[PDB]
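As structure tokens, the structure follows; a few thoughts come after it.
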Amino acid sequence: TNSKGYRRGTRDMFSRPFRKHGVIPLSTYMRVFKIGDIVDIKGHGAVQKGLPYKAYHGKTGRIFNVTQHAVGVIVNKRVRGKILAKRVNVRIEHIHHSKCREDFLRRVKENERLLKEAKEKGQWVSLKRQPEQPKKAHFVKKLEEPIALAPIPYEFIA
Amino acid sequence: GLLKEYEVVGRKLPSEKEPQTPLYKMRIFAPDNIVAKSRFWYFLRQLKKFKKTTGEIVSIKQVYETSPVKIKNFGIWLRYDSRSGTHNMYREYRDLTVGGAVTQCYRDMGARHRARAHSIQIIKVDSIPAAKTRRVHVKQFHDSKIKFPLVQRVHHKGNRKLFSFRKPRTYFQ
Amino acid sequence: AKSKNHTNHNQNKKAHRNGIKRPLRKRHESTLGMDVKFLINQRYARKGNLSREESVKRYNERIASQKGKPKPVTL
Amino acid sequence: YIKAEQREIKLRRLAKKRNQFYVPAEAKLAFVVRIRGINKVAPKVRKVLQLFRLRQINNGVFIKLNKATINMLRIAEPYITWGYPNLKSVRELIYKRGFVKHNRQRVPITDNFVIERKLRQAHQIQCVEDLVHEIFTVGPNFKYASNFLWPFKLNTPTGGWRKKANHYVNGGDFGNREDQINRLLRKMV
Amino acid sequence: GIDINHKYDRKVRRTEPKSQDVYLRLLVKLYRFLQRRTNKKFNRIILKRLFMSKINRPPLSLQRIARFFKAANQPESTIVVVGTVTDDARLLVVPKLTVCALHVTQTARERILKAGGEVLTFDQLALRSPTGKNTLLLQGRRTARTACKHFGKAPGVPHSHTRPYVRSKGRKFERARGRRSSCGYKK
RNA sequence: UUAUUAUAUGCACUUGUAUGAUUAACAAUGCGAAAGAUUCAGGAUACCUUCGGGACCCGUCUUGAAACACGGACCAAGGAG
RNA sequence: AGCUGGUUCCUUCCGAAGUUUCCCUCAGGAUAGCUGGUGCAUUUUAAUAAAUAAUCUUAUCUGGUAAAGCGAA
RNA sequence: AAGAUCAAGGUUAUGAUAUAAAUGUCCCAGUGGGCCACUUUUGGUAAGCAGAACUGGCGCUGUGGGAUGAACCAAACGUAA
RNA sequence: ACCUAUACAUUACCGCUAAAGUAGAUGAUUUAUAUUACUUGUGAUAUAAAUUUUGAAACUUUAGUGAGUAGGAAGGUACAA
RNA sequence: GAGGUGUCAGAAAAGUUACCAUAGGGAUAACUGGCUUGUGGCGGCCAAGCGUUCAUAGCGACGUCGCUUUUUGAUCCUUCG
RNA sequence: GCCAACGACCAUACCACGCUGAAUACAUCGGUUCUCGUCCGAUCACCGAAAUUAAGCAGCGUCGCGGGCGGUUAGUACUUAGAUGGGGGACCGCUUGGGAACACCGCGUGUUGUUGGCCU
């Protein structure tokens, strides 16, 4: 009957992968973590204090507490069955800022530029992101010679 | 199964930073414009990677049999898949049609080997000019002075009477 | 009389029926595990703020008379 | 619309004369019609079908051909046959088969006036045909226009192949049969 | 193969008050005529506000009528209460207004009429103000009830302040094991 | 410059078209023929007949009951949230 | 008696679960999940959105299976 | 660092949708004996065998189809042309 | 090409859900006219004709949908007092 | 805070019943049948060897593919009112 | 460029074998009163006088050893999704999407932050 402890299956979760071996280098702390910023939790198993319990590895939350040597990140974790909210106190040695958020911020500044540029052009804005549409009337010039070549196959050979 | 021959071309996606991915083409036997593209990727994959939808279709175009009244011998070179056993063929077909040749091919392949339309791969098409026809059955047709008996007949059933009182009458002289 | 231990069969059907249901982006901000102190002078912050157009204007008038703070940011 | 047909025809004419192959602008706008169940369907696809609004067999909606949509149509493939609908087909569908969503209730049309009815704020749209322009061209108010139509519910076409659940390549039905839908769709209305 | 006409299509909310009261429905019938015929949301919600069960209708007390007066832009105001209006002894000074209500308790009618205010029926407020001019619609405190306390009765998750369903309150009545850290666990 | 289309085409009358489930012009026939009562149309009443097709025994525990699972010959009346 | 058997009119509408946990528990309960009913508050998700819920896509994280490796530990 | 006061902002900043959704009470029944199939799999030579993962059915489902059939296929059933 | 499920399309019809109005009758509304006012043409008024006394705790009006054990709710029916 | 219930969310507990009794159970053994076929029985394939010579007259290693269900296990679907 | 101190990323910085290193300098490298630490003034503590860029360190070279990245390998492998597709089965074609790895090949062999100095 079952699995259950805490460290179940974490041979490769807490594995430092080849040539990244040792003492967690200082840049990790140098990043200032501020309440409301989106953070990704990545289990570093060499920093054994403030360990993010195995379900929380690559489950990403927003910061609602900063404490003297822990960052309290609210990960919303799918239960059987009512999404309860968990404040997990985990260290910065395991906590890395999500640049999922920066994409949003880059957009505000870009949208404001496009808005201004368009307004000074008079018309028109259309700053909302449209995914890759079936494109265009494509002219291929030979140049550099007509095509043609067909293909295949003699693919025997065991 | 409707045998129409199609020219399909496909480049592999379009970046402005990244010039002009090379343009491959094929002749494809398909009833279907979609089957023309479908086979086209599968054969393109065999040399040159190019998965649709990291793949760019390009143009789907049907090609024009040059001589459908034209009286020609075709050799087709063919690969088929048997159950434990993928092998190569050369067979020669006397047809109006490169389209008609392939349609008679899928039927013939289907029959003798149990030849799966999905299990068959085409290979190559050439029109045989002139005594390059290994083809014992084929070369019978090339023969000066080609007169040939009509062997047998085919008895429409019965009649315009279901009730044929005038007895067929296998005779015919 | 071997029964069967554990099927997660139909659990995921069950969940989507009346939705697993995400809560809220609370503009009215929840607390717990804030190191007691911030909370103490957060309480004072709210209280001392008493309201406010004259209060900001009087301390702006102090900052222009004092000017103030070349030292603090560099230390 | 008539000019639109001429532009395509002329691009092809001018190219081929200059030796050039002008390969003509890849198609926007798909019509999706439901061949399949709901029962004996996997839930990923069941969910995708509800969102499309395709509730019953042979009910069909128009769906904007985007990178977003096309992936939902892929998981939906054995469940759907789809193609590029001609303007005749869109016109046949709205005038005979086209109902309106007004506070739940599925409400006639046929009046110009009842289409002016809402869509005059989406300017230049005061007619039954002007709604189909907006659908056809994938005009900016396509979200609301497509919504306004409640899925057109369409008899059966004509001898619709026994093999049914095979990709169109295999003689199937199911697939993006492209331009060959125009024959199908016109008959199914 | 309808994907999916599942649920809910039974919805939620009373067309008509769940009451035998012949008086009550006449007010509903009156305001129902006033709804679409005269536009305006005062008719729309008072129609609904008659539908209301006795809970969701909890008694509005006279001191709540008197605090609303302290409000800016409110001195000329005929306070609407779709409800029972209850006398609050503690308000020394009860201000003048006409108050329109379904029912006014007899001790509450004397302190309105002493003020010197008028105690009014909604049908006479409908005549006066079919345009709902200078009303103020007050709704009672539902949070007060003993039933609301009991909901959420849960131990574990650092909550409740909920009141266990106890016939008798005292020592030997649920003080022990599970209320306190001493006898195993804190709530 | 030419073609096309719409507006400047009102009032009377109208078995005109539609008016959002627009079956009726027109006509023939039976017949209500006082009470009495002819004739016509229409019908898986009971039940009979003739034809096709479908119909395995309910109650129940059970994963599944027509079961070579169990109670129940048949009927009335008492008879259990 | 946690067992077996039976439980007495109809129609309409919606409509399960054999799973979780604990229990001398394992032929059973409680409990959570699924179920209905009762409603309530608001509908730009409401009566003549710049507010979401949850599925694609996109962007941004995670993973040691398939495959591959052993002239890599 | 929070609470937060004040001022600036073209188009609200992926796509379909919403059968309206969220929320509370009952602490409600019924369930706690599952069964089968695609796919993935462990034990076992294997089993109409014992046991998981995901998903659908059957359980609660006829009808049409597989001659036949709980489960497979097609399809979810108001009454009829 | 043909055959064919209670599927699918349309239509009538049942129910359930939805969505909207219905509640000046000492009054309202329609129709025809005579008179009067303004104007081409409309209204007022007089007269004559016609409709309207709504279980407004229901009807008129509308659309979408219906398998169903366990079970739940809703509304009737029968029986004795 | 400690002392403890290991059936470890916490009964305080020895045999025997072929003298037995009950309420049930095909959720469950024995037993028929069904699946399976390792094991058993029967039959092959390849062929190193035996056989004076000569692999197969009759045989046949090391291997390997089956069939049968009549061995025995494996199973518990049905049957314990 | 070099050098120092303080570092980031973390082998393009390592390894191996040579060559070279001017100047402000690290270093090489000396002395042992004192403090201080060592069995031993090797380290460590202190004093900074005589030498030297050979080494550390840095750079430069190397079809090296290793390491990075891209292609190639390979749309294969593998796999999601589909069929009243095939095969006796084991499994396998097709069809809609996604997509490796070893290997081989090419090209690089530390870059850069702060702060001070030196500049061939």
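Within each chain, counting starts at residue 1; across the structure tokens, chains are named A, B, ... in the order shown, with ligands numbered 1 upward in that order.
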Mind checking which residues fall within 9 Å of region 25-34 of chain C, counting only C-alpha atoms (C1' of nucleotides), ignoring those fewer than 4 positions away in the same chain, and posting them as a VMD selection string?
(chain A and resid 64 to 67 72 87 89) or (chain C and resid 38 to 39)
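Taking only chain E, the residues that DSSP calls strand (DSSP E) from the backbone come to residues 60, 61, 78, 79, 80, 81, 82, 83, 84, 85, 86, 99, 100, 101, 102, 103, 104, 119, 120, 135, 136, 137 and 138 of chain E.
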I'd like the contact shell of residue 2 (chain G) - 12 Å cut-off, only C-alpha atoms (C1' of nucleotides), skipping same-chain residues fewer than 2 positions apart - returned as number ranges by chain.
G: 27-29
Would you pick out the contacts of residue 144 (chain E) at 12 Å or less, using only C-alpha atoms (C1' of nucleotides), so that residues sharing its chain but fewer than 6 positions from it are not included, and give the list as a list in words?
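Counting only the stated atoms, we get residues 55, 56, 58, 59, 60 and 150 of chain E.
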When the cut-off is 12 Å and we count only C-alpha atoms, which residues of chain D are near chain B, given as a VMD selection string?
chain D and resid 21 to 27 67 70 to 71 74 83 166 to 181
I need the residues in region 93-145 of chain E that are alpha helix (DSSP H) according to DSSP; give them as an MDAnalysis selection string.
chainID E and resid 106:113 122:128
Extract, using only C-alpha atoms (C1' of nucleotides), all DNA, RNA and protein residues at most 12 Å from residue 69 (chain K), discarding same-chain residues fewer than 3 positions from it, and format them as a PyMOL selection string.
chain K and resi 12+106-108
Any idea which chain G residues end up within 10 Å of chain C if we count only C-alpha atoms (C1' of nucleotides), as a PyMOL selection string please?
chain G and resi 17+19-20+26+33-34+53-54
Can I get the selection written as a PDB file, in the first residue's frame, with N, CA and C atoms (P, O5', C5', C4', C3', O3' and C1' of nucleotides)?
ATOM      1  P     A G  17     -22.017   8.940 -11.664  1.00  0.00           P
ATOM      2  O5'   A G  17     -21.530   8.204 -10.407  1.00  0.00           O
ATOM      3  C5'   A G  17     -21.274   8.885  -9.166  1.00  0.00           C
ATOM      4  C4'   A G  17     -21.144   7.864  -8.081  1.00  0.00           C
ATOM      5  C3'   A G  17     -20.266   6.657  -8.275  1.00  0.00           C
ATOM      6  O3'   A G  17     -18.905   7.000  -8.012  1.00  0.00           O
ATOM      7  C1'   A G  17     -22.397   5.870  -7.477  1.00  0.00           C
ATOM      8  P     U G  19     -14.680   0.889  -7.352  1.00  0.00           P
ATOM      9  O5'   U G  19     -14.144   2.390  -7.307  1.00  0.00           O
ATOM     10  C5'   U G  19     -13.507   2.842  -6.113  1.00  0.00           C
ATOM     11  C4'   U G  19     -13.288   4.373  -6.080  1.00  0.00           C
ATOM     12  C3'   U G  19     -12.843   4.946  -4.755  1.00  0.00           C
ATOM     13  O3'   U G  19     -11.422   4.737  -4.629  1.00  0.00           O
ATOM     14  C1'   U G  19     -14.630   6.216  -5.377  1.00  0.00           C
ATOM     15  P     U G  20     -10.859   4.250  -3.257  1.00  0.00           P
ATOM     16  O5'   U G  20     -10.772   5.560  -2.426  1.00  0.00           O
ATOM     17  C5'   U G  20     -10.039   6.680  -3.047  1.00  0.00           C
ATOM     18  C4'   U G  20     -10.077   7.898  -2.162  1.00  0.00           C
ATOM     19  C3'   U G  20      -9.976   7.559  -0.646  1.00  0.00           C
ATOM     20  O3'   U G  20      -8.579   7.329  -0.355  1.00  0.00           O
ATOM     21  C1'   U G  20     -11.698   9.033  -0.864  1.00  0.00           C
ATOM     22  P     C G  26     -17.230  -4.184   7.764  1.00  0.00           P
ATOM     23  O5'   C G  26     -16.430  -3.815   6.426  1.00  0.00           O
ATOM     24  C5'   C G  26     -16.822  -4.063   5.079  1.00  0.00           C
ATOM     25  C4'   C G  26     -15.995  -5.130   4.371  1.00  0.00           C
ATOM     26  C3'   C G  26     -15.860  -6.477   5.156  1.00  0.00           C
ATOM     27  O3'   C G  26     -15.908  -7.580   4.238  1.00  0.00           O
ATOM     28  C1'   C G  26     -13.624  -5.657   4.759  1.00  0.00           C
ATOM     29  P     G G  33     -17.507  17.487  -0.663  1.00  0.00           P
ATOM     30  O5'   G G  33     -17.228  16.531  -1.891  1.00  0.00           O
ATOM     31  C5'   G G  33     -16.060  16.675  -2.716  1.00  0.00           C
ATOM     32  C4'   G G  33     -16.097  15.666  -3.852  1.00  0.00           C
ATOM     33  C3'   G G  33     -17.380  15.708  -4.703  1.00  0.00           C
ATOM     34  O3'   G G  33     -17.301  16.745  -5.660  1.00  0.00           O
ATOM     35  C1'   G G  33     -16.908  13.404  -4.153  1.00  0.00           C
ATOM     36  P     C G  34     -18.655  17.417  -6.130  1.00  0.00           P
ATOM     37  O5'   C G  34     -19.425  16.200  -6.814  1.00  0.00           O
ATOM     38  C5'   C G  34     -19.271  15.932  -8.166  1.00  0.00           C
ATOM     39  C4'   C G  34     -20.007  14.660  -8.596  1.00  0.00           C
ATOM     40  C3'   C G  34     -21.521  14.582  -8.618  1.00  0.00           C
ATOM     41  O3'   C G  34     -22.100  15.112  -9.763  1.00  0.00           O
ATOM     42  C1'   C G  34     -20.852  12.634  -7.468  1.00  0.00           C
ATOM     43  P     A G  53     -13.128  34.464 -12.839  1.00  0.00           P
ATOM     44  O5'   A G  53     -13.999  33.337 -13.549  1.00  0.00           O
ATOM     45  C5'   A G  53     -14.829  32.470 -12.757  1.00  0.00           C
ATOM     46  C4'   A G  53     -15.536  31.467 -13.633  1.00  0.00           C
ATOM     47  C3'   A G  53     -14.659  30.414 -14.305  1.00  0.00           C
ATOM     48  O3'   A G  53     -14.323  29.246 -13.572  1.00  0.00           O
ATOM     49  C1'   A G  53     -16.214  31.284 -15.860  1.00  0.00           C
ATOM     50  P     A G  54     -12.957  28.422 -13.655  1.00  0.00           P
ATOM     51  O5'   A G  54     -13.184  27.821 -15.117  1.00  0.00           O
ATOM     52  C5'   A G  54     -14.339  27.016 -15.423  1.00  0.00           C
ATOM     53  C4'   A G  54     -14.362  26.606 -16.881  1.00  0.00           C
ATOM     54  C3'   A G  54     -13.172  25.792 -17.392  1.00  0.00           C
ATOM     55  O3'   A G  54     -13.229  24.754 -18.378  1.00  0.00           O
ATOM     56  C1'   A G  54     -13.307  27.808 -18.614  1.00  0.00           C
TER      57        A G  54
END
Residues of chain I were defined as contacting chain E if any atom lay at most 9 Å from it, counting only C-alpha atoms (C1' of nucleotides); please report them as a PyMOL selection string.
chain I and resi 7+17-18+23+56-57+64-65
Hey, can you check how far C1' of residue 91 (chain K) sits from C1' of residue 67 (chain G)?
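A separation of 18.3 Å between them.
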I want to know what sits within 12 Å of region 13-26 of chain F, based on only C-alpha atoms (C1' of nucleotides), with residues of the same chain fewer than 5 positions away left out; could you give that as JSON, numbers by chain?
{"D": [107, 108, 109, 110, 111], "I": [10, 11, 12]}
Distance in Å - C1' of residue 54 (chain I) versus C1' of residue 24 (chain I):
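Separation between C1' of residue 54 (chain I) and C1' of residue 24 (chain I): 15.2 Å.
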Give me, as a PDB file with N, CA and C atoms, in the first residue's frame, all polymer residues having an atom no more than 8 Å from residue 156 (chain A), counting only C-alpha atoms (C1' of nucleotides) and skipping those fewer than 2 positions away in the same chain.
ATOM      1  N   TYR A 154      13.656   3.670 -53.921  1.00  0.00           N
ATOM      2  CA  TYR A 154      14.371   2.468 -53.567  1.00  0.00           C
ATOM      3  C   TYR A 154      14.806   2.615 -52.116  1.00  0.00           C
ATOM      4  N   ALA A 158      17.753  -3.116 -45.571  1.00  0.00           N
ATOM      5  CA  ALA A 158      17.848  -3.724 -44.262  1.00  0.00           C
ATOM      6  C   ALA A 158      19.089  -3.251 -43.441  1.00  0.00           C
TER       7      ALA A 158
ATOM      8  N   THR B  86       8.652  -5.917 -47.796  1.00  0.00           N
ATOM      9  CA  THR B  86       8.509  -4.827 -48.757  1.00  0.00           C
ATOM     10  C   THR B  86       9.547  -4.978 -49.884  1.00  0.00           C
ATOM     11  N   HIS B  87       9.051  -4.921 -51.132  1.00  0.00           N
ATOM     12  CA  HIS B  87       9.733  -5.260 -52.347  1.00  0.00           C
ATOM     13  C   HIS B  87       9.380  -4.337 -53.516  1.00  0.00           C
TER      14      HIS B  87
END
Tell me as an NGL selection string which residues belonging to chain A come within 6 Å of chain G, counting only C-alpha atoms (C1' of nucleotides).
:A and (58 or 99-100)
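In chain D, the set of residues within 7 Å of chain H (atoms considered: only C-alpha atoms (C1' of nucleotides)) is residues 37, 39, 40, 41, 42, 51, 52, 68 and 69 of chain D.
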Would you export the selected residues with N, CA and C atoms as a PDB file, in the first residue's frame, please?
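Result file again.pdb:
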ATOM      1  N   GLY D  37     -22.171  11.843 -33.507  1.00  0.00           N
ATOM      2  CA  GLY D  37     -22.819  11.662 -32.243  1.00  0.00           C
ATOM      3  C   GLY D  37     -23.501  12.836 -31.618  1.00  0.00           C
ATOM      4  N   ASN D  39     -22.634  10.672 -28.634  1.00  0.00           N
ATOM      5  CA  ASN D  39     -22.422   9.592 -27.680  1.00  0.00           C
ATOM      6  C   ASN D  39     -21.413   8.741 -28.365  1.00  0.00           C
ATOM      7  N   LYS D  40     -20.537   8.128 -27.523  1.00  0.00           N
ATOM      8  CA  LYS D  40     -19.267   7.506 -27.874  1.00  0.00           C
ATOM      9  C   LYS D  40     -18.244   8.554 -28.316  1.00  0.00           C
ATOM     10  N   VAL D  41     -18.198   9.760 -27.656  1.00  0.00           N
ATOM     11  CA  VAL D  41     -17.179  10.759 -27.947  1.00  0.00           C
ATOM     12  C   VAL D  41     -16.351  11.097 -26.748  1.00  0.00           C
ATOM     13  N   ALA D  42     -15.016  11.084 -26.936  1.00  0.00           N
ATOM     14  CA  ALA D  42     -13.969  11.492 -26.042  1.00  0.00           C
ATOM     15  C   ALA D  42     -14.131  12.986 -25.614  1.00  0.00           C
ATOM     16  N   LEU D  51     -18.386  24.318 -27.410  1.00  0.00           N
ATOM     17  CA  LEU D  51     -17.851  25.658 -27.577  1.00  0.00           C
ATOM     18  C   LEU D  51     -18.058  26.186 -28.964  1.00  0.00           C
ATOM     19  N   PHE D  52     -18.040  25.250 -29.939  1.00  0.00           N
ATOM     20  CA  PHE D  52     -18.388  25.590 -31.286  1.00  0.00           C
ATOM     21  C   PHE D  52     -19.852  25.846 -31.478  1.00  0.00           C
ATOM     22  N   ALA D  68      -5.668  29.517 -33.859  1.00  0.00           N
ATOM     23  CA  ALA D  68      -6.420  29.148 -32.716  1.00  0.00           C
ATOM     24  C   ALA D  68      -7.450  28.063 -33.004  1.00  0.00           C
ATOM     25  N   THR D  69      -8.271  28.308 -34.020  1.00  0.00           N
ATOM     26  CA  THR D  69      -9.409  27.485 -34.338  1.00  0.00           C
ATOM     27  C   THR D  69      -8.992  26.152 -34.932  1.00  0.00           C
TER      28      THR D  69
END
